[PDB]
Amino acid sequence: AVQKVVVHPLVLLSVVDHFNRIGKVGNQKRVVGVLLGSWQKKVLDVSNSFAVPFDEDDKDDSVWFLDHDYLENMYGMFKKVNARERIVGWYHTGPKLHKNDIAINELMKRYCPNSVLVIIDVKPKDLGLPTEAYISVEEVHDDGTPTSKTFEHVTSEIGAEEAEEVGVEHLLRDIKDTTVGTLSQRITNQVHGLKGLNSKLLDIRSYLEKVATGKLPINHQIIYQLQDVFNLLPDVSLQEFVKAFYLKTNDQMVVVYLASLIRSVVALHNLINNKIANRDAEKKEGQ
Amino acid sequence: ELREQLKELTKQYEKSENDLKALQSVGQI
Amino acid sequence: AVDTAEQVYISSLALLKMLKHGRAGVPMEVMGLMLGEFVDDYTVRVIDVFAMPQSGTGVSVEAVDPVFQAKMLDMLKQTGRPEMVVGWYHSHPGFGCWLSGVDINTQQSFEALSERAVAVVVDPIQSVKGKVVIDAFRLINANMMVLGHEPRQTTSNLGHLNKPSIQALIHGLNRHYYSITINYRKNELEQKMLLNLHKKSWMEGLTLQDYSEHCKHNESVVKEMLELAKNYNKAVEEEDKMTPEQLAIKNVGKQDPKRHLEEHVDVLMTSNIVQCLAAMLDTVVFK
Amino acid sequence: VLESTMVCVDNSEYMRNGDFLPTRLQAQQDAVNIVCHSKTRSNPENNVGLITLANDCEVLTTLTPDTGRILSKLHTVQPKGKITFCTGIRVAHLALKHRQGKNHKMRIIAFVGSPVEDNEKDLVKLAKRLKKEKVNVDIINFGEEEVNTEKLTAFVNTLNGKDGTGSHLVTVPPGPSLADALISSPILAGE
């Protein structure tokens, strides 16, 4: 199992590039490639990738051709180029998982005993990362239903080598805004977090709408998880949590006040120095 | 005679190729 | 004749690949082939690049492997790019952006097959987040430079690249080879993922810092603020008293109470304000 | 002639049958050996791949000029499950489409001696799709000379249309190894 996975800007760029290549060549709506990386302790760093010729139908959910001969040729060649980048999984640029994903994961597992799929949604997004990482795992159902292979999510994030960071920063030299300030950036992070929480709640609400109306069968694991969450929701009017909140709010506002006073004194010192310099310069000019 | 002739020439070929590979290497401090 | 307006447009994927190969093989002058197309007489897109095996020592270019090159090209055509080789790139880790004798010989070899082949030199060591040191080159003809000709045609005023560096000038620029201006392709779609880099999930956006750790941090920082306040009182006293050396030689090697106090107030105020806002937003949203 | 071909091989539970000496599995191995040898003796740029038709409907080796790989992969095969053959042909056609040599003429040859329980409507639909996408198929049948031979003949005729001669069928009743018929068949005769 892999709890954490780090994808790289080179991987993202190559995935976008492969999607564009296939779009220009024909019309598939999805592209699949192989993903090479390292195995830092319980952390999968996927450093590179290469496209492989993949095709599938839209109806049977079983008619799909993946060229593992091309896969192994390209992998051995990339091994000749660089050795540390071993097969670590595969990627497919679908907006969402597919039925074939389990079979393709088995085909990859024929190569990597612990293969991690990463859906790299090439379509631009706003409230989430572009990579969704999954790992196949057997689901031993408690209700006696037969055990079946299923995809399990693993926390995925984007990280860069030193050179990758240098390159991406050069590319974003004029777009990325760095004159924001730490406080402004953190407030932006807070509002983005609120937006993400709202998006997750809206997804759950839509699923509940579908289930209640009847499109989706009752999923007992999901219902268990939902009621566990709703029970985990805290109470902020207990008359003891309120006292603790006020006590810590004051314990923080005292420090904020001290810092503000110190900043005010420093600003007054700067003003005194500036006015002293101004008078000295003016008097010397008048001399 | 061509057998032995080319065999010795191939041995000298291997030696000369090794020499050139060495020649294409620089020292380190 | 060639024009002093030729422009090599290196794509984002190409730049990232060269930088990765650079800060993967150091100090070895690692090398690869640049795939693109000579769209016209003044422009050279470099859509992609791919590394070469780099067999054994690589302090010098390594006589591009024809079989590896051919198998790369065939598989790329199979899985996308039907593009020819527009040049070769290699790394100069900290040297600069010039060409050595072996580089010049290899670029002769490339021109012999394709007169328009370009030679890109990256500098992964000297690159920094916002400016990547990279330069495109083609060789001046000994024949013309002895028979009194300028091997570039000055139709435009685009020969103002950077006032070429002294390193390149002494290593053989403007005599045996010339620099070709380099630009980059902006798609606004890859840039979205490059921005998604550094992004934090809403978990991190809404998480509250460990309150015990926060209180300990505030206590400590206020302690250093107290000591720096003592030292600031001392410094302001003996500041106007004498200013023969106060200008520059009264803070070197000695702590600056005003500067460190400003830093402490900034950091602690940021932390406290951010945590207060996070706590309040959490108290409401998770009700 | 530049030919990109794949051999679909049915390896169902019935391929432990001994009507062809010694067993249908060995007969099929010999048949693929000789057909791939013919492909190699043809334009060497011709390339051959292998698909196995079973409960998994898998692809063993993709397009490759070499033959030892295909022979070893087919040797490392056992008979299990039933045949689908609709998946089979569709996956084969996808492999055709995703071939490095576009100029190569598309070719599928299917050893399908088995009961094909697929409705003739979908058979003819797939035949029409294949022919309109310009892939010819040379089906080989053995064992069941009656259960599916009518369906295969109809499938080949539907591919044929009026002049689509590329589509062919060859049904061989039980006997010795499936070698003499494949050698003296119109398919390899036209090679």
# chains A, B, ... in the order shown; residues from 1 in each chain; ligands from 1

$ residues_around --residues "residue 106 (chain D)" --least-positions-apart "2" --cutoff "10 Å" --atoms "only C-alpha atoms" --output "ChimeraX atom specification"
/D:2-6,93,95-97,99,101-104,108,133-137

$ residues_around --residues "region 2-11 of chain C" --least-positions-apart "4" --cutoff "8 Å" --atoms "only C-alpha atoms" --output "compact mmCIF listing (two decimals) with N, CA and C atoms, in the first residue's frame"
# COMPACT_ATOMS: atom_id res chain seq x y z
N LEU C 15 11.52 22.20 -22.24
CA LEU C 15 12.34 22.86 -21.23
C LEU C 15 12.43 22.02 -19.96
N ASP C 41 11.74 29.74 -42.49
CA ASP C 41 13.15 30.08 -42.54
C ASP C 41 13.62 30.86 -41.32
N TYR C 42 12.71 31.25 -40.43
CA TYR C 42 13.06 32.08 -39.28
C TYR C 42 12.61 31.50 -37.95
N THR C 43 11.98 30.33 -37.93
CA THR C 43 11.41 29.80 -36.70
C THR C 43 11.67 28.30 -36.60
N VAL C 44 11.97 27.85 -35.38
CA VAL C 44 12.19 26.43 -35.11
C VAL C 44 11.46 26.04 -33.84
N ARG C 45 10.30 25.41 -33.97
CA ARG C 45 9.64 24.82 -32.82
C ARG C 45 10.43 23.60 -32.34
N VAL C 46 10.62 23.50 -31.03
CA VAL C 46 11.15 22.29 -30.42
C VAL C 46 10.04 21.70 -29.57
N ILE C 47 9.23 20.83 -30.17
CA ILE C 47 8.03 20.35 -29.49
C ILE C 47 8.40 19.45 -28.32
N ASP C 48 9.40 18.59 -28.50
CA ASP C 48 9.76 17.65 -27.45
C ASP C 48 11.26 17.43 -27.49
N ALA C 136 20.68 28.56 -27.69
CA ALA C 136 20.72 27.82 -28.94
C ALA C 136 21.87 28.32 -29.80
N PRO C 151 28.38 35.46 -41.31
CA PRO C 151 27.49 34.33 -41.59
C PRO C 151 26.13 34.48 -40.93
N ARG C 152 25.60 35.70 -40.98
CA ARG C 152 24.27 36.02 -40.48
C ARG C 152 23.82 37.29 -41.18
N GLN C 153 22.53 37.35 -41.47
CA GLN C 153 21.96 38.44 -42.25
C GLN C 153 21.09 39.29 -41.33
N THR C 154 21.38 40.59 -41.28
CA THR C 154 20.77 41.48 -40.29
C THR C 154 19.60 42.25 -40.90
N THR C 155 18.54 41.51 -41.20
CA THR C 155 17.32 42.15 -41.68
C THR C 155 16.57 42.84 -40.55
N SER C 156 16.61 42.28 -39.35
CA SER C 156 15.85 42.78 -38.21
C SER C 156 16.80 43.33 -37.16
N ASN C 157 16.22 43.95 -36.13
CA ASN C 157 16.96 44.43 -34.97
C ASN C 157 16.86 43.46 -33.80
N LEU C 158 16.78 42.17 -34.09
CA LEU C 158 16.63 41.14 -33.07
C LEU C 158 17.97 40.55 -32.64
N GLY C 159 19.06 41.28 -32.83
CA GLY C 159 20.37 40.82 -32.43
C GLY C 159 20.83 41.48 -31.14
N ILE C 180 21.41 31.76 -31.19
CA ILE C 180 20.08 31.92 -31.77
C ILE C 180 19.12 32.26 -30.63
N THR C 181 18.31 33.29 -30.83
CA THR C 181 17.37 33.71 -29.80
C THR C 181 16.39 32.59 -29.48
N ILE C 182 16.01 32.50 -28.21
CA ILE C 182 15.13 31.45 -27.72
C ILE C 182 13.89 32.09 -27.11
N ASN C 183 12.72 31.58 -27.48
CA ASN C 183 11.45 31.94 -26.87
C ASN C 183 10.74 30.67 -26.43
N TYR C 184 9.56 30.85 -25.85
CA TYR C 184 8.81 29.74 -25.27
C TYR C 184 7.35 29.86 -25.68
N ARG C 185 6.67 28.72 -25.69
CA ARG C 185 5.27 28.64 -26.09
C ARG C 185 4.39 28.58 -24.85
N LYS C 186 3.44 29.51 -24.77
CA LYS C 186 2.49 29.58 -23.66
C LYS C 186 1.12 29.12 -24.14

$ residues_around --residues "residue 236 (chain A)" --least-positions-apart "2" --cutoff "7 Å" --atoms "only C-alpha atoms" --output "PyMOL selection string"
(chain A and resi 234+238+241-242) or (chain C and resi 283+287)

$ select_by_dssp --residues "region 45-179 of chain A" --states "helix (DSSP H, G or I)" --output "PyMOL selection string"
chain A and resi 68-81+101-109+162-171

$ interface_residues --of "chain D" --to "chain A" --cutoff "7 Å" --atoms "only C-alpha atoms" --output "MDAnalysis selection string"
chainID D and resid 61:62 87 90:91 94:95 98

$ write_last_selection --atoms "N, CA and C atoms" --output "PDB file, in the first residue's frame"
ATOM      1  N   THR D  61       0.937 -11.353 -27.660  1.00  0.00           N
ATOM      2  CA  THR D  61       2.034 -10.599 -28.249  1.00  0.00           C
ATOM      3  C   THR D  61       1.479  -9.690 -29.332  1.00  0.00           C
ATOM      4  N   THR D  62       1.833  -8.411 -29.268  1.00  0.00           N
ATOM      5  CA  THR D  62       1.377  -7.441 -30.254  1.00  0.00           C
ATOM      6  C   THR D  62       2.195  -7.610 -31.531  1.00  0.00           C
ATOM      7  N   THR D  87     -15.776  -9.772 -28.614  1.00  0.00           N
ATOM      8  CA  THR D  87     -14.608  -9.136 -28.025  1.00  0.00           C
ATOM      9  C   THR D  87     -13.369  -9.475 -28.843  1.00  0.00           C
ATOM     10  N   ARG D  90     -13.109  -7.613 -32.032  1.00  0.00           N
ATOM     11  CA  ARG D  90     -13.048  -6.167 -31.816  1.00  0.00           C
ATOM     12  C   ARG D  90     -11.678  -5.742 -31.291  1.00  0.00           C
ATOM     13  N   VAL D  91     -11.164  -6.465 -30.296  1.00  0.00           N
ATOM     14  CA  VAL D  91      -9.831  -6.201 -29.761  1.00  0.00           C
ATOM     15  C   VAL D  91      -8.782  -6.391 -30.845  1.00  0.00           C
ATOM     16  N   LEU D  94      -8.846  -3.349 -32.988  1.00  0.00           N
ATOM     17  CA  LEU D  94      -8.179  -2.235 -32.318  1.00  0.00           C
ATOM     18  C   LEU D  94      -6.667  -2.373 -32.421  1.00  0.00           C
ATOM     19  N   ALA D  95      -6.156  -3.595 -32.256  1.00  0.00           N
ATOM     20  CA  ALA D  95      -4.728  -3.824 -32.445  1.00  0.00           C
ATOM     21  C   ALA D  95      -4.309  -3.483 -33.870  1.00  0.00           C
ATOM     22  N   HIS D  98      -4.074   0.277 -34.145  1.00  0.00           N
ATOM     23  CA  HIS D  98      -2.899   0.767 -33.424  1.00  0.00           C
ATOM     24  C   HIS D  98      -1.657  -0.043 -33.799  1.00  0.00           C
TER      25      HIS D  98
END

$ closest_atom_pairs --of "chain A" --to "chain C" --cutoff "6 Å" --atoms "only C-alpha atoms" --output "JSON lines"
{"residue": "A:13", "atom": "CA", "partner": "C:13", "partner_atom": "CA", "distance": 5.8}
{"residue": "A:21", "atom": "CA", "partner": "C:80", "partner_atom": "CA", "distance": 5.5}
{"residue": "A:53", "atom": "CA", "partner": "C:79", "partner_atom": "CA", "distance": 5.5}
{"residue": "A:80", "atom": "CA", "partner": "C:53", "partner_atom": "CA", "distance": 5.7}
{"residue": "A:81", "atom": "CA", "partner": "C:53", "partner_atom": "CA", "distance": 4.3}
{"residue": "A:158", "atom": "CA", "partner": "C:197", "partner_atom": "CA", "distance": 5.4}
{"residue": "A:163", "atom": "CA", "partner": "C:19", "partner_atom": "CA", "distance": 5.6}
{"residue": "A:166", "atom": "CA", "partner": "C:129", "partner_atom": "CA", "distance": 4.0}
{"residue": "A:167", "atom": "CA", "partner": "C:16", "partner_atom": "CA", "distance": 5.8}
{"residue": "A:169", "atom": "CA", "partner": "C:129", "partner_atom": "CA", "distance": 5.0}
{"residue": "A:170", "atom": "CA", "partner": "C:130", "partner_atom": "CA", "distance": 3.6}
{"residue": "A:173", "atom": "CA", "partner": "C:130", "partner_atom": "CA", "distance": 5.4}
{"residue": "A:183", "atom": "CA", "partner": "C:270", "partner_atom": "CA", "distance": 5.6}
{"residue": "A:189", "atom": "CA", "partner": "C:205", "partner_atom": "CA", "distance": 5.0}
{"residue": "A:190", "atom": "CA", "partner": "C:205", "partner_atom": "CA", "distance": 4.8}
{"residue": "A:193", "atom": "CA", "partner": "C:202", "partner_atom": "CA", "distance": 3.7}
{"residue": "A:196", "atom": "CA", "partner": "C:202", "partner_atom": "CA", "distance": 5.6}
{"residue": "A:234", "atom": "CA", "partner": "C:287", "partner_atom": "CA", "distance": 6.0}
{"residue": "A:235", "atom": "CA", "partner": "C:287", "partner_atom": "CA", "distance": 5.8}
{"residue": "A:252", "atom": "CA", "partner": "C:272", "partner_atom": "CA", "distance": 5.9}
{"residue": "A:256", "atom": "CA", "partner": "C:269", "partner_atom": "CA", "distance": 5.4}
{"residue": "A:259", "atom": "CA", "partner": "C:265", "partner_atom": "CA", "distance": 4.8}

$ select_by_dssp --residues "chain D" --states "strand (DSSP E)" --output "PDB file with C-alpha atoms, in the first residue's frame"
ATOM      1  CA  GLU D   3       0.879  -7.232 -44.180  1.00  0.00           C
ATOM      2  CA  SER D   4       0.078  -6.560 -40.522  1.00  0.00           C
ATOM      3  CA  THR D   5      -1.696  -9.686 -39.305  1.00  0.00           C
ATOM      4  CA  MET D   6      -2.856 -11.093 -35.998  1.00  0.00           C
ATOM      5  CA  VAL D   7      -3.746 -14.702 -35.284  1.00  0.00           C
ATOM      6  CA  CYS D   8      -6.713 -15.114 -32.970  1.00  0.00           C
ATOM      7  CA  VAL D   9      -6.500 -18.565 -31.389  1.00  0.00           C
ATOM      8  CA  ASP D  10      -9.423 -20.173 -29.604  1.00  0.00           C
ATOM      9  CA  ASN D  47       4.463  -8.345 -38.890  1.00  0.00           C
ATOM     10  CA  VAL D  48       2.413 -10.803 -36.849  1.00  0.00           C
ATOM     11  CA  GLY D  49       0.708 -10.698 -33.460  1.00  0.00           C
ATOM     12  CA  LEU D  50      -1.143 -13.151 -31.234  1.00  0.00           C
ATOM     13  CA  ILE D  51      -4.539 -12.951 -29.513  1.00  0.00           C
ATOM     14  CA  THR D  52      -6.051 -15.664 -27.307  1.00  0.00           C
ATOM     15  CA  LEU D  53      -9.844 -16.034 -27.254  1.00  0.00           C
ATOM     16  CA  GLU D  58      -6.494 -11.443 -24.042  1.00  0.00           C
ATOM     17  CA  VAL D  59      -3.679 -10.308 -26.338  1.00  0.00           C
ATOM     18  CA  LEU D  60      -0.453 -12.257 -25.878  1.00  0.00           C
ATOM     19  CA  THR D  61       2.034 -10.599 -28.249  1.00  0.00           C
ATOM     20  CA  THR D  62       1.377  -7.441 -30.254  1.00  0.00           C
ATOM     21  CA  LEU D  63       2.726  -6.790 -33.745  1.00  0.00           C
ATOM     22  CA  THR D  64       6.297  -8.036 -34.063  1.00  0.00           C
ATOM     23  CA  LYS D 105      -2.695  -4.122 -45.036  1.00  0.00           C
ATOM     24  CA  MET D 106      -4.868  -5.053 -42.073  1.00  0.00           C
ATOM     25  CA  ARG D 107      -5.299  -8.778 -41.452  1.00  0.00           C
ATOM     26  CA  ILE D 108      -6.973 -11.008 -38.870  1.00  0.00           C
ATOM     27  CA  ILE D 109      -6.859 -14.804 -39.111  1.00  0.00           C
ATOM     28  CA  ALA D 110      -8.982 -16.605 -36.525  1.00  0.00           C
ATOM     29  CA  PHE D 111      -8.838 -20.261 -35.548  1.00  0.00           C
ATOM     30  CA  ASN D 136     -10.138  -8.611 -44.240  1.00  0.00           C
ATOM     31  CA  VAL D 137     -10.479 -11.787 -42.177  1.00  0.00           C
ATOM     32  CA  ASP D 138      -9.621 -15.394 -43.050  1.00  0.00           C
ATOM     33  CA  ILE D 139     -11.461 -17.595 -40.553  1.00  0.00           C
ATOM     34  CA  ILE D 140     -10.363 -21.184 -39.908  1.00  0.00           C
ATOM     35  CA  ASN D 141     -12.787 -23.687 -38.376  1.00  0.00           C
ATOM     36  CA  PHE D 142     -12.263 -27.262 -37.214  1.00  0.00           C
ATOM     37  CA  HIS D 168     -12.555 -16.015 -46.503  1.00  0.00           C
ATOM     38  CA  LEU D 169     -13.514 -19.157 -44.598  1.00  0.00           C
ATOM     39  CA  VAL D 170     -11.768 -22.530 -44.372  1.00  0.00           C
ATOM     40  CA  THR D 171     -13.469 -25.396 -42.516  1.00  0.00           C
ATOM     41  CA  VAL D 172     -11.554 -28.657 -42.063  1.00  0.00           C
TER      42      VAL D 172
END

$ interface_residues --of "chain B" --to "chain C" --cutoff "9 Å" --atoms "only C-alpha atoms" --output "JSON, numbers by chain"
{"B": [24, 25, 26]}

$ residues_around --residues "residue 106 (chain C)" --least-positions-apart "2" --cutoff "10 Å" --atoms "only C-alpha atoms" --output "list in words"
residues 61, 62, 63, 64, 88, 100, 101, 102, 103, 104, 108, 109, 110, 111, 112 and 119 of chain C

$ decode --residues "chain B" --atoms "C-alpha atoms" --output "PDB file, in the first residue's frame"
ATOM      1  CA  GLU B   1      46.429 -17.651 -43.217  1.00  0.00           C
ATOM      2  CA  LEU B   2      43.693 -15.017 -43.296  1.00  0.00           C
ATOM      3  CA  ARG B   3      42.072 -16.655 -40.258  1.00  0.00           C
ATOM      4  CA  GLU B   4      45.042 -16.085 -37.942  1.00  0.00           C
ATOM      5  CA  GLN B   5      45.854 -12.763 -39.620  1.00  0.00           C
ATOM      6  CA  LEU B   6      42.401 -11.318 -38.935  1.00  0.00           C
ATOM      7  CA  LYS B   7      42.329 -12.913 -35.472  1.00  0.00           C
ATOM      8  CA  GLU B   8      45.487 -11.062 -34.439  1.00  0.00           C
ATOM      9  CA  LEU B   9      44.207  -7.898 -36.119  1.00  0.00           C
ATOM     10  CA  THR B  10      40.961  -8.194 -34.133  1.00  0.00           C
ATOM     11  CA  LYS B  11      42.896  -8.636 -30.889  1.00  0.00           C
ATOM     12  CA  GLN B  12      44.845  -5.473 -31.702  1.00  0.00           C
ATOM     13  CA  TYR B  13      41.496  -3.878 -32.597  1.00  0.00           C
ATOM     14  CA  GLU B  14      40.195  -4.612 -29.108  1.00  0.00           C
ATOM     15  CA  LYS B  15      43.396  -3.246 -27.573  1.00  0.00           C
ATOM     16  CA  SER B  16      43.244  -0.045 -29.638  1.00  0.00           C
ATOM     17  CA  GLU B  17      39.548   0.497 -28.905  1.00  0.00           C
ATOM     18  CA  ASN B  18      40.273   0.123 -25.191  1.00  0.00           C
ATOM     19  CA  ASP B  19      43.150   2.588 -25.554  1.00  0.00           C
ATOM     20  CA  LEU B  20      40.889   5.143 -27.250  1.00  0.00           C
ATOM     21  CA  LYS B  21      38.190   4.699 -24.603  1.00  0.00           C
ATOM     22  CA  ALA B  22      40.839   5.400 -21.965  1.00  0.00           C
ATOM     23  CA  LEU B  23      42.087   8.372 -24.000  1.00  0.00           C
ATOM     24  CA  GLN B  24      38.570   9.832 -23.888  1.00  0.00           C
ATOM     25  CA  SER B  25      38.721  10.047 -20.060  1.00  0.00           C
ATOM     26  CA  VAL B  26      40.076  12.864 -17.892  1.00  0.00           C
ATOM     27  CA  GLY B  27      41.410  12.798 -14.355  1.00  0.00           C
ATOM     28  CA  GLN B  28      39.712  13.979 -11.183  1.00  0.00           C
ATOM     29  CA  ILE B  29      41.016  16.026  -8.255  1.00  0.00           C
TER      30      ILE B  29
END
